[PDB]
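Chemist: Before I ask anything, let me first share the structure, which is written out below as structure tokens.
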Amino acid sequence: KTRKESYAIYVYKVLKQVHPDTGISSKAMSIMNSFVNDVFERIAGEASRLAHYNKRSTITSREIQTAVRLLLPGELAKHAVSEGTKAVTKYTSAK
Amino acid sequence: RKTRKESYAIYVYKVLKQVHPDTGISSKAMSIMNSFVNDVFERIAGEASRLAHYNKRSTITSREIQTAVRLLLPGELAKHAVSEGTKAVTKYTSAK
Amino acid sequence: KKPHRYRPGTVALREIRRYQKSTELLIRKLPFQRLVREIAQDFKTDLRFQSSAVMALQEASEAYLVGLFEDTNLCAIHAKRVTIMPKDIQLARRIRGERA
Amino acid sequence: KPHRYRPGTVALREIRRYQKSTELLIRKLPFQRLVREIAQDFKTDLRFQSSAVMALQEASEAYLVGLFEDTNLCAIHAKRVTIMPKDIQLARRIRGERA
Amino acid sequence: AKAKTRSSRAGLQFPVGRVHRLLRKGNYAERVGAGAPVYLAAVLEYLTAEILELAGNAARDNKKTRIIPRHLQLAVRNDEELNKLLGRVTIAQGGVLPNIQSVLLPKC
Amino acid sequence: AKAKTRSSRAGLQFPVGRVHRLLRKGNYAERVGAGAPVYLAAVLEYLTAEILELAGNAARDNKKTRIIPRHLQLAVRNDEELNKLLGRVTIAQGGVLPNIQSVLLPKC
Amino acid sequence: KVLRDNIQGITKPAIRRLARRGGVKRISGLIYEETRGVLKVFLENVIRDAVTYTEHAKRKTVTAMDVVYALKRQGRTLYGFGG
Amino acid sequence: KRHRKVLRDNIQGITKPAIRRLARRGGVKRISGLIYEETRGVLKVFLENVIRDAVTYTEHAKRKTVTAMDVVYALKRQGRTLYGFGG
DNA sequence: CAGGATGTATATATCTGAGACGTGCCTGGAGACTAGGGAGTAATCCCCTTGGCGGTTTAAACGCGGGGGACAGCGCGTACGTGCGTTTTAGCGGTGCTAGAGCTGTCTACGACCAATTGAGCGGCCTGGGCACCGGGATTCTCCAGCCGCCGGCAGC
DNA sequence: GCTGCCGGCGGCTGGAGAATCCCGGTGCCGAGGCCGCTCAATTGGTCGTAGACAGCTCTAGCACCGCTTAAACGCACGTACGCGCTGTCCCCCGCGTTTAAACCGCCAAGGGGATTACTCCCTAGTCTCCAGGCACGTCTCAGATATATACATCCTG
């Protein structure tokens, strides 16, 4: 009992979407679980502080956008915003 | 003549007069003291809240603050601070 | 008689003594402000700078350079020399973890 | 008669050999004994999990390798080939750990 | 009826609902918007896909089929942009990048 | 009935109410206890008193009557333990501690 | 003599005074460009974050709190201008 | 005879060839003889710093066992976070 | 300055079998479907403080020129860290063994939340006068270059 | 032997250029009284985290020994170390002079900041059913082993 959450399935799917013929070991999956868990907090804390900085109360895509701009170094962030915008511009079009 | 602000000037000055009853303080030093107090408060509160969530609790109590103090101040400050905090809180609960 | 000229390496120690008690800035304000305004043009055009931020950045960059120079002097003295060279700066920035 | 390599030849081979492997270099039992000896002074009658033991071992491994890298850099700076304690306390003080 | 997952509508492979729950229960803010979990999930997907593709290529270069922490280390340490992001982290069972100073090498 | 401040009952010179309100509005957690503000105020008072005394000694040393940022820097950098506490903070108008390497000095 | 790039505005005696405050005795003839490059790099690495902070708030001025906040992000705090 | 088997002089258990192998992994050519104590000292102090936080975490947790979570936790506190142990 | 012999590396043949990959089950939390009311949003106006301008002036930067001592190079004594053989000693392992500490479930009760009143703590705005600023001038304080008495070799016998 | 003789040697003298102290006049700006308002202190009830007890039980420290492999000891020796001589040319350090920052004042106006009416987006509440975690269950093809050849040294002539 006492089910524990994890990101195993989605990491496996993402691996399959780029390399459909490559497997993964046990530790090599917990490593990516820990990396995702680290990045989640590293972005969310910055976004939360940035929202509090202007005496606001709600988290919107704009502060997350600024957090992405600050954290990811340079060219990588240059890509990310685009997909981020992509990832929302469909969703608002068809809820 | 509006938008009043807040700071720790009065309490710092009051503490100063209880240590050196013949000494003053300039404005820049007072602002530095204010900034240092704010920084230390933010650090300790953040550590205490982090620890409170780390054990999946939902309330911040004196124990969390005490452990956070023990985790930050190196050595002598830690024990002096915990001793004074304990005596102060005992004084508070004893005299409601 | 001959004019009084000091032995080499003494006035340098005099400035070392004098400057280490001073607190004021050692870089002219207008050139630094012009440099900051020029270098901020690339990120966004037609920006305004508050007075306090310029001096804040100034003294921050003063302290950073002072620390870097102190570390470089320590590294140079380690190599049984008395002069500092760019390679000492590069090695210091290697070890502290800034360049790489 | 018997074949003796030029001095410093085996060092180069060990350098390119160990730089490829990934296993630990310190035996587990002495490290566990040292950890247990140290832990007493803080709170006696404790109980240890293994995962903590190899976590500590890995962390110490990484720290020592990182320190040795800077030690080698300081040694090669001084137009030398060996390493001396002075390079070590130079590297530990430039970093600011012992400042 | 006919319930649909938010990830399917957003065209993503990540649990948008899980991220939304984490944001609420993380005490990050008093109130939470709508597109924030979608944006965060997309960013996470992009980063993990990049890392995993690089690791897969590194493993293929070694003539192996699976992925082991050695391949992860060899892929992470070879990208300076990724090196800046993961400068202050270390992975278990990763080894070190083979490098030898030129002075220590023989004369010829 | 007549009202009185919490600090008066706890014998403190720091405001319990303001710190408690900050604990409420600082997003840190959902609920806060009762002894936490008193404890935190006591720690802050201790630290402030120690800093003020250490600065006042140095201020009286150079025959002055009011404290200056230079005096604060001198007091902070001359106590190794407090130096460790404030290891990376830079103080404006603080200068630098006087120190000269032995080698750079003349032969005698 | 008016055409002068602002990077040249950091005069050599200023570098000498900074070095003397550092605690050095002798200086070679090539430090004056390495210092100029390091200064410029460190300047951009802070002004980028500061300017981004200005953009997010829709303002057009780089206030003191912004610059100290961005310095705190980099790991170099500042006392005196508030906080 | 139940517990409290206090040992002494286990720092000497870090043998010389182990340090030689570590240095060879680091990439050095020649090794002096005076580093064998400085390394043993820096490793010891590092262990004290980590174990202090590791122990006080459990002390706050009012338990009697030190898990891996606490070790990784204290390693993250001092900016030495480590992947691969379920963070 | 070109070959031979060597202990290393490289590749390639069999096993071989712990555990990545499905395969089901079932559950609890994520999606579908209801207001509301307060958080942000334009819209407005009213200062204010910042970019900009235009005379002095005066202390700092600059190019020159002179000079001496730190530095990179070269050479030699030398001693200690490396490659290798010979024990032997503690690690690795494999097998049980045991109670201790770790995990989860029930029940109760008390203390933090929230809402409604009331008064005083402090934030603003003058306001007088007192400690730091500044000047010259006397007062010491080290830094240096030459003079002098002494001293230890140095040509002769 | 012993006369000069000569150069250094350190020891001392005193001039010289810098840093320090105090006095005397002058401000600019911390320190305190004032008014009121806005939030913190007083009451009052609730209901649900958190503390206890009361269990179950997975697992970490003890022990036991057989193997064996790497750790400890010694041992020639050459090479990289440390010191010493050395030849400069490149930084140190005053001087004339050339120049731009610093002060000081007067303006315009665009943007920062306080006010206000409102609307529609996310939270508050229920019902529901299907994606994901647990327990297996394997046969994989992933590794693990053993084998066999090219290779780069250090010697030789």
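Naming scheme: A, B, ... for chains in displayed order of the structure tokens; residues 1 onward per chain; ligands 1 onward as shown.
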When the cut-off is 9 Å and we count only C-alpha atoms (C1' of nucleotides), which residues of chain I are near chain F, given as a count of residues only?

Modeler: 3

Chemist: Please, which residues in chain J fall within 12 Å of chain H when counting only C-alpha atoms (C1' of nucleotides), and what is the closest atom pair and distance in Å to one decimal for each, ordered by chain then residue number, as JSON lines?

Modeler:
{"residue": "J:59", "atom": "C1'", "partner": "H:65", "partner_atom": "CA", "distance": 11.8}
{"residue": "J:60", "atom": "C1'", "partner": "H:65", "partner_atom": "CA", "distance": 9.8}
{"residue": "J:61", "atom": "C1'", "partner": "H:3", "partner_atom": "CA", "distance": 9.7}
{"residue": "J:62", "atom": "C1'", "partner": "H:2", "partner_atom": "CA", "distance": 9.8}
{"residue": "J:70", "atom": "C1'", "partner": "H:17", "partner_atom": "CA", "distance": 9.5}
{"residue": "J:71", "atom": "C1'", "partner": "H:15", "partner_atom": "CA", "distance": 8.0}
{"residue": "J:72", "atom": "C1'", "partner": "H:15", "partner_atom": "CA", "distance": 10.3}
{"residue": "J:79", "atom": "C1'", "partner": "H:30", "partner_atom": "CA", "distance": 11.6}
{"residue": "J:80", "atom": "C1'", "partner": "H:30", "partner_atom": "CA", "distance": 10.2}
{"residue": "J:81", "atom": "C1'", "partner": "H:32", "partner_atom": "CA", "distance": 11.8}

Chemist: How would the residues just chosen look if you wrote them out with C-alpha atoms (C1' of nucleotides) as a PDB file, in the first residue's frame?

Modeler:
ATOM      1  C1'  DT J  59      15.364  -5.232   8.796  1.00  0.00           C
ATOM      2  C1'  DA J  60      19.931  -3.734  10.718  1.00  0.00           C
ATOM      3  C1'  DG J  61      23.723  -5.103  13.846  1.00  0.00           C
ATOM      4  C1'  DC J  62      26.234  -9.779  15.641  1.00  0.00           C
ATOM      5  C1'  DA J  70      45.651  -6.225  -2.110  1.00  0.00           C
ATOM      6  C1'  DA J  71      48.375  -3.868   1.818  1.00  0.00           C
ATOM      7  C1'  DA J  72      53.058  -3.479   4.274  1.00  0.00           C
ATOM      8  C1'  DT J  79      65.378  12.513 -12.161  1.00  0.00           C
ATOM      9  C1'  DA J  80      63.421  16.557 -10.837  1.00  0.00           C
ATOM     10  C1'  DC J  81      64.192  19.408  -6.846  1.00  0.00           C
TER      11       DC J  81
END

Chemist: Show me which bits of chain I are within 12 Å of chain A, counting only C-alpha atoms (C1' of nucleotides), as a PDB file with N, CA and C atoms (P, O5', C5', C4', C3', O3' and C1' of nucleotides), in the first residue's frame.

Modeler:
ATOM      1  P    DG I  19      18.123  -7.683 -10.329  1.00  0.00           P
ATOM      2  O5'  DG I  19      17.432  -7.727 -11.771  1.00  0.00           O
ATOM      3  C5'  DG I  19      18.054  -7.098 -12.894  1.00  0.00           C
ATOM      4  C4'  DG I  19      17.034  -6.380 -13.779  1.00  0.00           C
ATOM      5  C3'  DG I  19      15.978  -5.571 -13.054  1.00  0.00           C
ATOM      6  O3'  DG I  19      15.433  -4.585 -13.941  1.00  0.00           O
ATOM      7  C1'  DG I  19      15.008  -7.546 -13.977  1.00  0.00           C
ATOM      8  P    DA I  20      16.299  -3.343 -14.498  1.00  0.00           P
ATOM      9  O5'  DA I  20      16.042  -3.381 -16.084  1.00  0.00           O
ATOM     10  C5'  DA I  20      15.442  -2.255 -16.736  1.00  0.00           C
ATOM     11  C4'  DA I  20      15.000  -2.586 -18.159  1.00  0.00           C
ATOM     12  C3'  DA I  20      13.783  -1.811 -18.635  1.00  0.00           C
ATOM     13  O3'  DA I  20      13.810  -1.543 -20.087  1.00  0.00           O
ATOM     14  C1'  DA I  20      13.201  -4.100 -18.178  1.00  0.00           C
ATOM     15  P    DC I  21      13.891  -2.692 -21.222  1.00  0.00           P
ATOM     16  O5'  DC I  21      12.498  -3.475 -21.124  1.00  0.00           O
ATOM     17  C5'  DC I  21      11.283  -2.824 -21.471  1.00  0.00           C
ATOM     18  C4'  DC I  21      10.189  -3.838 -21.758  1.00  0.00           C
ATOM     19  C3'  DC I  21       8.793  -3.250 -21.913  1.00  0.00           C
ATOM     20  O3'  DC I  21       8.054  -4.014 -22.855  1.00  0.00           O
ATOM     21  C1'  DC I  21       8.802  -4.730 -20.085  1.00  0.00           C
ATOM     22  P    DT I  27     -10.711  -1.213  -4.567  1.00  0.00           P
ATOM     23  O5'  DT I  27      -9.939  -0.155  -3.653  1.00  0.00           O
ATOM     24  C5'  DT I  27      -8.522  -0.037  -3.757  1.00  0.00           C
ATOM     25  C4'  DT I  27      -8.135   1.301  -4.357  1.00  0.00           C
ATOM     26  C3'  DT I  27      -9.085   2.455  -4.018  1.00  0.00           C
ATOM     27  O3'  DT I  27      -8.336   3.613  -3.677  1.00  0.00           O
ATOM     28  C1'  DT I  27      -8.766   2.342  -6.332  1.00  0.00           C
ATOM     29  P    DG I  28      -8.421   4.226  -2.195  1.00  0.00           P
ATOM     30  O5'  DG I  28      -7.939   5.740  -2.382  1.00  0.00           O
ATOM     31  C5'  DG I  28      -6.734   6.023  -3.086  1.00  0.00           C
ATOM     32  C4'  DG I  28      -6.935   7.140  -4.101  1.00  0.00           C
ATOM     33  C3'  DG I  28      -7.713   8.355  -3.599  1.00  0.00           C
ATOM     34  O3'  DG I  28      -7.270   9.519  -4.290  1.00  0.00           O
ATOM     35  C1'  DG I  28      -8.862   7.420  -5.390  1.00  0.00           C
ATOM     36  P    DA I  39      -9.175  39.918  -3.208  1.00  0.00           P
ATOM     37  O5'  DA I  39      -8.174  39.604  -4.416  1.00  0.00           O
ATOM     38  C5'  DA I  39      -8.552  38.665  -5.416  1.00  0.00           C
ATOM     39  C4'  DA I  39      -7.775  38.873  -6.708  1.00  0.00           C
ATOM     40  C3'  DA I  39      -6.635  39.867  -6.649  1.00  0.00           C
ATOM     41  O3'  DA I  39      -5.697  39.553  -7.668  1.00  0.00           O
ATOM     42  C1'  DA I  39      -8.479  40.786  -7.869  1.00  0.00           C
ATOM     43  P    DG I  40      -4.407  40.472  -7.935  1.00  0.00           P
ATOM     44  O5'  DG I  40      -4.686  41.090  -9.383  1.00  0.00           O
ATOM     45  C5'  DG I  40      -4.800  40.217 -10.501  1.00  0.00           C
ATOM     46  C4'  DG I  40      -5.586  40.859 -11.633  1.00  0.00           C
ATOM     47  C3'  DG I  40      -4.892  42.022 -12.339  1.00  0.00           C
ATOM     48  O3'  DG I  40      -5.213  41.981 -13.718  1.00  0.00           O
ATOM     49  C1'  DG I  40      -6.945  42.754 -11.493  1.00  0.00           C
ATOM     50  P    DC I 103       9.792   4.024   8.523  1.00  0.00           P
ATOM     51  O5'  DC I 103       8.473   3.204   8.137  1.00  0.00           O
ATOM     52  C5'  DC I 103       7.731   2.537   9.151  1.00  0.00           C
ATOM     53  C4'  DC I 103       6.394   2.056   8.629  1.00  0.00           C
ATOM     54  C3'  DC I 103       5.440   3.158   8.209  1.00  0.00           C
ATOM     55  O3'  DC I 103       4.526   2.665   7.246  1.00  0.00           O
ATOM     56  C1'  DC I 103       4.636   2.124  10.184  1.00  0.00           C
ATOM     57  P    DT I 104       3.478   3.658   6.542  1.00  0.00           P
ATOM     58  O5'  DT I 104       2.094   3.338   7.279  1.00  0.00           O
ATOM     59  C5'  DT I 104       1.546   2.026   7.215  1.00  0.00           C
ATOM     60  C4'  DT I 104       0.461   1.831   8.261  1.00  0.00           C
ATOM     61  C3'  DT I 104      -0.708   2.821   8.185  1.00  0.00           C
ATOM     62  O3'  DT I 104      -1.903   2.129   7.841  1.00  0.00           O
ATOM     63  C1'  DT I 104       0.013   2.451  10.433  1.00  0.00           C
TER      64       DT I 104
END

Chemist: Show me a table, sorted first by chain and then by increasing residue number, of the residues of chain I having an atom at most 8 Å from chain D, each with its shortest atom pair and the distance in Å to one decimal, counting only C-alpha atoms (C1' of nucleotides) and written as a Markdown table.

Modeler:
| residue | atom | partner | partner_atom | distance |
| --- | --- | --- | --- | --- |
| I:82 | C1' | D:7 | CA | 6.2 |
| I:83 | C1' | D:4 | CA | 7.0 |
| I:91 | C1' | D:29 | CA | 7.6 |

Chemist: Using only C-alpha atoms (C1' of nucleotides) for the distances, tell me which of J:10, J:132, J:112, J:55 is nearest to chain G.

Modeler: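 Checking each candidate against chain G, we get J:112 as the closest.
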
Chemist: Need the shell around residue C:12: protein/DNA/RNA residues with any atom at most 12 Å away, counting only C-alpha atoms (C1' of nucleotides). Skip same-chain ones fewer than 5 positions apart. Format as a list in words?

Modeler: residues 6, 7, 17, 18 and 19 of chain C; 104 and 105 of chain F; 16, 17, 19, 20, 21, 23, 24, 25, 26 and 27 of chain G; 92 and 93 of chain J

Chemist: Output as a PyMOL selection string the set of chain A residues within 9 Å of chain J, with distances taken over only C-alpha atoms (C1' of nucleotides).

Modeler: chain A and resi 1+3-5

Chemist: Using the selection just defined, write its residues with N, CA, C and O atoms as a short mmCIF file (atom, residue, chain, number, x, y, z; two decimals), in the first residue's frame.

Modeler:
data_model
loop_
_atom_site.label_atom_id
_atom_site.label_comp_id
_atom_site.auth_asym_id
_atom_site.auth_seq_id
_atom_site.Cartn_x
_atom_site.Cartn_y
_atom_site.Cartn_z
N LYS A 1 0.83 -1.20 0.00
CA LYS A 1 0.00 0.00 0.00
C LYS A 1 0.86 1.26 0.00
O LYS A 1 2.07 1.19 -0.26
N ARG A 3 0.74 4.19 -2.00
CA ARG A 3 1.20 4.46 -3.35
C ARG A 3 2.10 5.69 -3.39
O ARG A 3 1.81 6.72 -2.76
N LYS A 4 3.20 5.59 -4.13
CA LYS A 4 4.14 6.68 -4.30
C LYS A 4 4.13 7.15 -5.75
O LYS A 4 4.23 6.34 -6.68
N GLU A 5 4.01 8.46 -5.93
CA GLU A 5 3.98 9.06 -7.25
C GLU A 5 5.38 9.03 -7.86
O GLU A 5 6.39 8.95 -7.16
#

Chemist: For chain H, report every residue with an atom at most 7 Å from chain A (counting only C-alpha atoms), formatted as a list in words.

Modeler: residues 83, 84, 86 and 87 of chain H

Chemist: Give me, as a ChimeraX atom specification, the contact residues of chain F against chain C at a cut-off of 9 Å, counting only C-alpha atoms.

Modeler: /F:70,90,92-101,103-105

Chemist: Within 9 Å of residue H:32, counting only C-alpha atoms (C1' of nucleotides), which residues show up once you throw out same-chain ones fewer than 5 positions away? Write them as a ChimeraX atom specification, please.

Modeler: /D:82-85 /I:81

Chemist: Name the residues in contact with residue C:96 at a cut-off of 10 Å, using only C-alpha atoms (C1' of nucleotides), excluding same-chain residues fewer than 5 positions from it; report them as a list in words.

Modeler: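 Residues meeting the cut-off are residues 68, 71 and 91 of chain C; 70, 91, 93, 94, 95 and 96 of chain D.
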